[PDB]
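Protein chains in written order, with the deposited numbering: chain 1, 1 to 78; chain A, 266 to 627; chain F, 266 to 627; chain E, 266 to 627; chain B, 266 to 627; chain C, 266 to 627. For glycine and all other residues, C-beta sits at the position ideal for the given N, C-alpha and C.
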Ligand SMILES: [Zn+2]
Ligand SMILES: [Zn+2]
Ligand SMILES: [Zn+2]
Ligand SMILES: [Zn+2]
Ligand SMILES: [Zn+2]
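Encoded structure:
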C-alpha cells in the first residue's frame, strides 16, 4: 500500500514542479510516514519553498521538509 | 408621425436580442431623452448610451404606437434569421472567431474606464481554473477544435465526477466561451422535444447531471438522464439531420450540435460511451475548496464559471498561431496588457496560494 | 378624440400591473367621474384616487373603444418588459432596494391618516416572529444577502420541519419581503414546465411542501417533490441558463433564480442536500400556539406571514449601515417612528406574553 | 347605422354574464319587438323584460352585425374584469354582503306577484336542513365568518360522511349561499391545472368526494383525491400566491380561495387534516329519508340544496346585529314577512313531521 | 412604391427553401448592394451571388416592409406546394433523376474554379466506402431501384450491426444520395406523431438506432424502438394511405415512404422482419479504423457519409445504361473527368492502403 | 385587376381536392401558359390539361395575390363541405355508385389513348386476386352490400391471418374500391382521438394489424390494438352518434362508419368478436408467392392491391342486375370491352399459371 505517485504528480504538473520518477516517489513516502494525502502534502510542501526561498526541487529541499516542518509535529510518534 | 421598423430591426441586429419582451423594454427607454439620462452618463449598459441618440427619433413615436410588441416581434425574427443563416455559411471555426471577439468586447469595457471589473481577480480565476485539472488550458484548446472539426460519433465530451468538484463550474464557462445553450434530460421524454428544440442553430449543448439506474449503492438517485441519452443515438452522432421544433410549427431540421454531458459517477452503457470522445473524471480537491474560502470575488463576480475567464486563460498560455488569422492581431493586444499588469511571478504566486488553500490574491 | 395608448401604458408602468383583465377593470373605473367617486374620497386604493384625475380624459373615451382588451394588453407587455430589463441591469441588491421601498410605501399609507392598520399589532408580530427561531432577525439578514451574493450551488435554503411550526408562515413572508413567486413540484413533471416558467425574471422561488418516498413510517405521504428537485440539478445550481416557457412561445432562457424549499421531515438525497446552503429545522412550539389563541389580529390581518412584518423586524434590529446607501435615509426615518411609539419595555413585554402563551398585546 | 358596444357591455355588467355564447343568445332576443314579446308580458326572466326596452335600439342593429360574437366577447371580459377588481378592493365580508342581497333579489321576485315559488315549501326546507346537523344554523354562521376572517392553514372545512347523508346537499347549498365554484380532484394531476384555474377571483371552492387509498376494506374505491389534496399544501394554506391558468395564457396569480372538502369515510393523512378547521361527520339518518319520501317539492324544486334556502335559515334564527350594517335594514324586512306568514307553531310543526318521517308540510 | 411577392416566391422556388426564417434572412442580404458585396465576389454561396442582381430591386424595398415574415411565409408554402405536387406526378424514378442532377450541380461548383473541394479526397472516400461492404456499389444500385419499384411490405432495408461499423455512415449518405429525412422512434409513441409527420412528400425514411427489449445480456439498453416499429405495420407495408400531421392542422394522408431501419444487434420479431427486404450485418473492421486514422479529410470534410460520395461511386462503377435517359448524357461527362484525373492504378492504390490500415491517399 | 374565388372553388369542387397546400400548388401551374405546356400536350394529369384553359385567366392574377393560401383554403372547406353534405343526403348505396363511376373514369383514360396502363396486366390481377380466397368476387359483393345495409353491431369484417397472405393486399384494395381511409390503433389511446377523427364523413375504416396480449407463444408482439377495439364498443356498433374531432374545434358528431379490422392470429375477446360479421382466415399460399415471382407488374404498377382491380373483377363476374340502375348502362359497356380483348380461355389460362406458380401472363 502506497500513495500512487500518479496522484501526487498531477499537483506537480500544475505549478510546474519538475520532478523525475525518483523525486515524485520521494513524496509518496511522506504520504505513508504521516498520512498526508496527495492534496495536503503538495500544499504544505510548496510552503516550505517560500520560508527558505527555493523555487526549485531536488532531493535535498524535499528531504529538509521532514526535518523542519513535519519533524516538529509528527502525529504518528508521540 | 409614422414609426420606423427598419430602425428597431437595426437596433435588434446590433444587440442581437433574440427576445421579444426584452427587445421591447430596452427600446422603450429611448422615448424620453438622452439629454439627462443617468444610464447614458454613468455608462452602465453599452446597449443604451450607445444607441439612444441613434434611435431617439423613432423611439419617440414608438411610444404612441399601437403595435409596440409587433414591431419588436419582427425584429426578433430578423435576429434569429441572422443566426439561422450564419449556422450554414460561416464555418464552425469562424463562428467561434466572432464569439471570441464579442467576449473581448466586454473586456475592453469592463477592464477599461467605464468598467468596474478588476483584472487582478479574473487573472486569479485563471489560476484556480488551471489548478482544477491537469493541463486545463491544454484541454480547452482540444475541446475547441474538437467542436470545430465536428467529427460524427466523436463530438461530445464526458464530465463525469462526484458532487462538488468543478464540473458544473467548467461545463458552464465553456458554454459561454464557445457559445450555445445548456439543456436537461432528467425530465420525461415528453417535454424533451420542447427542450431539445433549443439546440437549433446553436454551437454546442450542455447536459447537466444525467440520472441513470446505475450507482444505486452510492446513494445516487436514478432517473432518465442516461436512458434519454441512449434514446438519442443519432442526436449524439450527428451524421443525420435530426428533427427539431420551435414554438408549435417546426423551425428546423439540421444536424444536432455537439457538446458536453455531465454526470455524477453514474453507470454508462457501452453503446453510449461509444458516442463520446474523452472522459474527464473531476476530482473533489480540498485545496480548491479552501481556496475559494478566501476568494469570494470568484464566486460573487462569477469568474471561475465565466467564459471570459477561460478566454484570458487561452490568451495567456496558447500562442497566437493557433487563433484565427483575423483575430491574431487582437490576441497579441491582450498578450501585452496582461504581461504588463502581471509578470510570471505574480501569476504563479496566485496558483501558489491555491496549493496552500488560501486566497489566490495573497 | 381617439383613445391614447401611452396613457394606459403609463398607468400600467405606475401600478406595475402585469395582468391583462386586472389592468382592464381598474382602468374602466375612470370612465365615470372623480367628482363624486366614493373610492376617491374614502381613500381606499392608492391605484385609484391617485390616478383617476390623471387618466380621466382617456378613460372617458376608453369606454367607447372596440379594443379595450387590446389597449390594456400592450400595457401589460410593457410592464413585463420593464421587469424583463431590470432583471439584467440592476444588481440583485438594487432590486431589493426598490422592493424595500415599495414595502415602506404601503406602510406610509396604512400607518398614516388614510390607513386602517394598527402599528401595535404589526409590532406584536415582530415579537412572535422573533420567538419562532433563534436569532430570527439575524437569519433574515443572512438570507437576504445570500440571495444577493447569488452563489452557484449555494443559494436555496431548507425549511424542513414537522406540520404546523412556522415554515409556511416564514417561507411566505420572506417571499413578499424580497419579491418573487411560490411554485409547487408535487404535480407530475408534465405541467412542471408550465409552472417553472413563473420564476422568469423573478428574484427567488418558494417550493411548498415537497413529497418524497422517505418517511413512510412517519405517516408522511410520498410524492414527486423530492424527486423533481433532483431532476432539476442545474436549476438548483444556477451555473447555466436553464430554459423557461411562458404561454406557448418561449419567453426566456436565463439563470433560474434562487429560493427556499420547504418540507415535512422527508428523506433527502445527499446529491440534493448538496444543492442547499442551510437547514432550518422548525420546532412545533406550544407557547407560539397558545400565543395566537389570544392574538387573532395576527392571523386575521395577515401579519405573522406578511413581508411588511419582517421589514419592521429588519428596521428594528439591524443597523442602518447594512441597508443600501440610497435607502439608509429612509431606514432612520422609521427607526424614529417605531422608537417613538414603542420603547424597549413595551416591545419585550410582548415577547414576554409569547413565552407565557397569552396575547402578545397584554 | 352603427352598433353600440357600450350598451352591450352595459347589459353584460347588469346580468353579470361571464359567458360568451350565453351573453350572445340573450342579447339576440331584443332584435325583434317587446311590443308583443310573450317573455316580456309573462315575466319569465328578469334578464329579459327588464332590459329589452333598454337595449332594443342597439339589438335591432346587432342582428345585422358581422361581429356578433366579438361585441359580446369584449363584454364578457368587462364582466370578468369587474370580479377581477372586486376580489381585491371589497373586503371578504363586503363580497358576501352583495351576494346575500342578490340572493334576496331572486326572492323578491319568486315570492312576489311575478313568481311561482311557494314560501311554505322553502320554509319546510329550512326545517329539514336544521334536522340534518346539530345547530345547523349555528354552524352556518361560523363557516361564513370562517370564510371572511380568512385564516391561513385554517380555512377549509371537512364534510366527511358515508354515502347519502346530506354532504352533497349542504356542501352545494353553501356554495350558492356564499358564492364560488365546485371543483374535482379525482382526475389526474394533469388536467388538475385546467380545473384549479376556476377558483380564480372566487370566494370558496368545493371538492366533491375525494378518493383515497384508505378504506380498502369498506368497499371504498381508491383514487387520487386525498393524494392531490396533499399535493396542494400551499393551495390549502393560502399564505402564498399560488399560480393559476385560464385559457392558455395565464390570467391570475393570487391566493387560492378557501372552501370545503367532502369525502366518504376515507383515510386522511395527519399532514392533510392539519390543513382543515372542523370535521363534520354526516350521519345517514332515516327520519330524513322518510321525510323526503313525502316532500318531493324539496328535491324537485331544489330547496334542500339551494343557497336561498340557507338564507331563509340565516334570517330566521340569526339576529340582525350579525349581518352587514348596510344589509341589516333588509334582514328585518323578511323577519317581518316570514313571521307574518309563519308563526313559531307552524314552523316547529314542520320539523316535527321530520322527526316522524312524514311530509314536512303535514 | 411596393414590394413584390412573386419575386420572393421566385427566389424561394429556386433555392427550394422550405424554411421560413431561413428564407427570410437569405433574402434580407440583397437589401444592400451587390456592387461591393464580398460574398458575391468570393463566390461563397450559389444562393447569393447568383440571385442578388435578380432580386436587388425588390429586396431594397423588402427592408422597409411591415410583413417581412409574411412575404417569405407564403413563399415557403409555395415551396412545399411544389414538392407536394411532384410527389404525385413525377414517378419515383424521375424524382431521383432530379436529385442526382442537383447532387452533380454542387460538384460542378466545388470541383470547379469557385470550389474548394479536392476531387482526390472524395475519390478516396469511394475507396473506403467500397471497403465497407462486399460489392458496396452493387448494393447501392439495388437499394435505389428497390426504392423506385416501391413494393408493399418489401421496401425497408435493415442495417443491423454492432457499435462503430459503418451503419450511421452509410444510412446517412444514402439519405442524401436519394433524398428525404431521418426520423427516430426511441421517444414515446406520444411525440411519434409529431415526428412521423416529417416523412410527408418525402422519398425515404431513416430510423437511427432502434432500442428493443432484446439483447439484455449484450449490454444493449432496451427502449421502444423495436416496439414502435411493430406498432407501425401499415406504415412499413405502404399498401394503405397512413395519416400524417404537420403543424396542428393535418397536411397529408398519403402512403408512408419506404426507407432504412438501423439497429445494434437487437432482437427482432418475426412479424417485423417480414416487413423488411434485406439484412446487412455491418462488421466492425479494424483496417477501416486505422484507415481513417490517417485520412482525417474524410471525417472532417464529411465525405464517407456524404451523398455526393456515393454519387461518385455510382458513376465510377455502374454503367450509363442504368441511369435515366435524360441524365445519361451527364453521367458520361464525369466518366471522362474522373478517368482523366484518376486511372485504374491510382484508384485501387487507395483501396490498397485501406487494406493496410494507412491513409487512403498514400 | 382582381382575383376570382369562385373559379378556384370551382376547380376545387372538380378535382375534389380536400387538401390546402396541394390545391395551392396545382392551381399555381396555370399562371404560365397552356400554349406550350408540356403537361397539357403529353396528357399526364387530367387535373391539368383539362382545367388550365378554364382557369388560366384567374390563375394569371392568382400569382400576384397576397392571399394565395387563403383563396385555396376556402376552396378546401367547400370541398369538405360537399362531402359533409353527401354523407347525409345520398344513401350509402348512391355514395358507392359515384365511387364506382370515378373508378371507371380513371380506366377510360389509362385504358385509352392517353393512358399507359395495360389491360392485360390488370386482368391478370383479377386472376391472382380470385386465387386468394374461395369465391373472392362473391365475397366482395357481400361486403359491398354489408356496407350499404349498415346493420348495427353487424358491420365490421375480420381479416385475421398469418404474416404475408393477402390481408393487407385485399383490405387495401377494398378501401379504394368503396372509399374511405385506413386508421391505426397500435398507438396509445392518447392520439387515438386525433386519428379516429379521420373517419368523419367517410364510408368505411381499415384497422391495419391490431396488436393484442394474445399469441404470446406464437412470437406475436403484444400491443393495444385488440384492447383499443374493445374500448370502442359503440364505435363498432354504430347505434349511437360518436364524437369526433378535426383540428382542435370539433367538426363532427355522427355515426362511426363501418369497415374492416385486420390482425395476425391474435387472441380476440368474445365481447369483441360479437361486434364483427364474418371472419376471413387468410392462408399463406405458396403458388401465390411463386406467382408474383414472375409477375412483377402486379406489385410494381400496384394492381393486386388496387381498387380498380377489384372493379374489373366485379364487372367480369357479377351481373348487371346487381349494380345501380344509373350505372347499369356503364357496366355493360366494359362487359363488352373485356370480353372483346379477353375470352374465357385467355382468362382461365392466367388463373392456371397461378396454380402452377408461374407468371399469370404466360
Ligand atoms: Zn440614454
Ligand atoms: Zn375616483
Ligand atoms: Zn321582451
Ligand atoms: Zn451580394
Ligand atoms: Zn397547361
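Less than 7 Å separating the Cβ of residue i from some heavy atom of ligand 2?
i: residue 304 (chain F); result: yes
i: residue 320 (chain F); result: no
i: residue 276 (chain F); result: no
i: residue 299 (chain F); result: yes
What is the rounded straight-line gap between the Cα of residue i and the Cα of residue j?
i: residue 414 (chain F); j: residue 407 (chain F); result: 10 Å
i: residue 539 (chain A); j: residue 503 (chain A); result: 13 Å
i: residue 494 (chain B); j: residue 511 (chain A); result: 26 Å
i: residue 480 (chain A); j: residue 542 (chain F); result: 25 Å
i: residue 364 (chain C); j: residue 269 (chain A); result: 58 Å
i: residue 568 (chain E); j: residue 386 (chain E); result: 8 Å
i: residue 597 (chain C); j: residue 547 (chain C); result: 32 Å
i: residue 282 (chain E); j: residue 466 (chain E); result: 15 Å
i: residue 560 (chain F); j: residue 456 (chain F); result: 40 Å
i: residue 21 (chain 1); j: residue 400 (chain A); result: 19 Å
i: residue 369 (chain A); j: residue 445 (chain F); result: 34 Å
Please name the residue, chosen from the options, that lies closest to residue i on a Cα-to-Cα basis.
i: residue 325 (chain C); options: 349 (chain C), 301 (chain C) and 296 (chain C); result: 296 (chain C)
i: residue 39 (chain 1); options: 553 (chain A), 395 (chain A) and 438 (chain A); result: 553 (chain A)
Return helix, strand or coil for residue i, following the three-state DSSP convention.
i: residue 541 (chain A); result: strand
i: residue 412 (chain E); result: helix
i: residue 433 (chain F); result: helix
i: residue 469 (chain A); result: strand
i: residue 290 (chain F); result: helix
i: residue 301 (chain F); result: coil
Is any heavy atom in ligand 3 found nearer than 7 Å to the beta carbon of residue i?
i: residue 317 (chain E); result: yes
List, in order along the chain, the chain B residues whose C-beta lies closer than 9 Å to that of residue i?
i: residue 363 (chain A); result: Within chain B, no residue comes near residue 363 (chain A); the closest Cβ sits about 15 Å away, beyond 9 Å.
Can you list the residues of chain E that residue i reaches, using a CB-CB cut of under 7 Å?
i: residue 299 (chain F); result: None at all; the shortest Cβ gap to chain E is about 16 Å.
Would you say the beta carbon of residue i is closer than 7 Å to some non-hydrogen atom of ligand 1?
i: residue 531 (chain A); result: no
Mind listing the chain B neighbours of residue i? Cutoff is C-beta to C-beta under 8 Å, in chain order.
i: residue 291 (chain C); result: 350
What does residue i reach in chain E if we use C-beta pairs closer than 9 Å?
i: residue 309 (chain F); result: 354
Any heavy atom of ligand 4 closer than 7 Å to the CB of residue i?
i: residue 314 (chain B); result: yes
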